[PDB]
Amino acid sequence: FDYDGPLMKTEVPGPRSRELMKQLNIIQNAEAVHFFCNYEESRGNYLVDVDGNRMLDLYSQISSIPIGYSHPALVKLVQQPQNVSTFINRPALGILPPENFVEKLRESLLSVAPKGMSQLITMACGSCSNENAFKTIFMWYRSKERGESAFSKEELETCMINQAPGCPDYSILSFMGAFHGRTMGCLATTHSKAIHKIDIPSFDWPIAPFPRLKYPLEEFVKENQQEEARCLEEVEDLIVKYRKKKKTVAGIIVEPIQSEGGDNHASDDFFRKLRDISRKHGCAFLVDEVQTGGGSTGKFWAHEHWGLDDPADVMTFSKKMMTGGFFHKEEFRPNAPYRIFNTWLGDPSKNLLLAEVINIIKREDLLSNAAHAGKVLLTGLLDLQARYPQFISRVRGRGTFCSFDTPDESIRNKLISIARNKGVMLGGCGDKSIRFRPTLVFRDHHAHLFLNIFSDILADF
């Protein structure tokens, strides 16, 4: 169920990982590879590599492993003879769903629907979740402008050759620091790192500032309100400007906490006021919970903290949820089939696993546990921040979704490398931040284990 602590045999990557990396690098650029893994031996919060190292994994495959490695409840699912068909007969779900499709959706995604959103479409990853949410929003916007009218002859002819009016020049507004995926639509709304964006054609869509809070929060209450207000004003200005340019903003996308761009937080007030700005200008409000969703902030969806009855029009998800997709309000339901569509629309085998994951999260109270273990973690980070101000700053988080900055990227990288060799896997986000993304079976004692290991690391650093 759970190993007792990490156990290191070699530096990481070790000799066997380096050999496999060399082989992989023949067929593709393999420079991003950290090391090669023995998933069969990995269990709970512990990842085992091919050199026999066992590390405490606080990165969880870029936040996508919900209840740990080799979870016994999922092992038993794969072992049931009745589930074999689900793994080897993949349907074109849009046209030929399996008998249990709706019941399995009730056991899983529908049991955790966000407030106000009765509709659900499934997708296989976070990028096609967001792309199809964009499309759903453009279709809804044009519907407001035209319907209940038929498509015009001119629209139908021009859309086949990539021309207006069939292909409108509408826009989605996004934020600096955002990350929403890397397919060409998503990528236009992504503003994380130059290397993600460069040499790829884009869209002239509006880009607003996301707030940069000053820390510690109790000392900058007024400065941070002013910063949030200034950003809200620029959002509203942009929407007016792009309407004048004939590039109407049909929707606004935002993450509840910006991840890849550097764990940027903002107050619940900011998001509430942003939701209002959205409604006020007839913009669909798209909340991207691909990384924040699934419980690590202490609530199943992070937008739940805003306490709104109408938090959004569309919400996308993936990663911990195993499958992707988006919930949406009834009024965003496409008016005809084959507009939001692709071959597979997810995968029933992922829904099979997700239903059991959701069952475990509920039965074992793991939302509460993330709040609790996350408070232990953050408390400890604040203490190390106090004791090592020359290395640690802007300690921040919600639930286990925590982070801090280091003075620069070289130190960030050195700390992550040292930590890994000591048995703890950490992720970097932004320039010089270190981020935590523990699985949902991360408990108090894992937090205390990390803190005691990292404390020793700082003392020797």
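Numbering starts at 1 and runs along the sequence shown. Definition used throughout: the rigid core is the maximal C-alpha set that superposes within 1.5 Å between two forms.
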Which is farther from the shown form in 5 other deposited structures of this protein in C-alpha RMS with the core fitted, 142 to 150 or 100 to 108?
142 to 150
Between 90 to 98 and 187 to 195, point out the one with the higher average CA B-factor as the PDB entry records it.
187 to 195
Higher-B stretch (mean Cα B-factor, as the entry records it), 224 to 232 or 101 to 109
224 to 232
If you check the C-alpha B-factor for each of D383, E155, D313, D347 in the entry, which is highest?
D383
Sorting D408, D49, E40, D57 by Cα temperature factor from the record, which one lands on top?
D408
Hey, what third does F175 fall into on Cα B-factor, ranked over its chain?
middle
Chain-wide C-alpha B factor ranking for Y69, given as lowest, middle or highest third
lowest
Third assignment of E148 from its chain's C-alpha B-factors:
highest
Here the Cα B-factor of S296, set against its chain, lands in the third termed middle
Would you mind checking where the Cα B-factor of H305 ranks among the modelled residues of its chain, as the lowest, middle or highest third?
highest
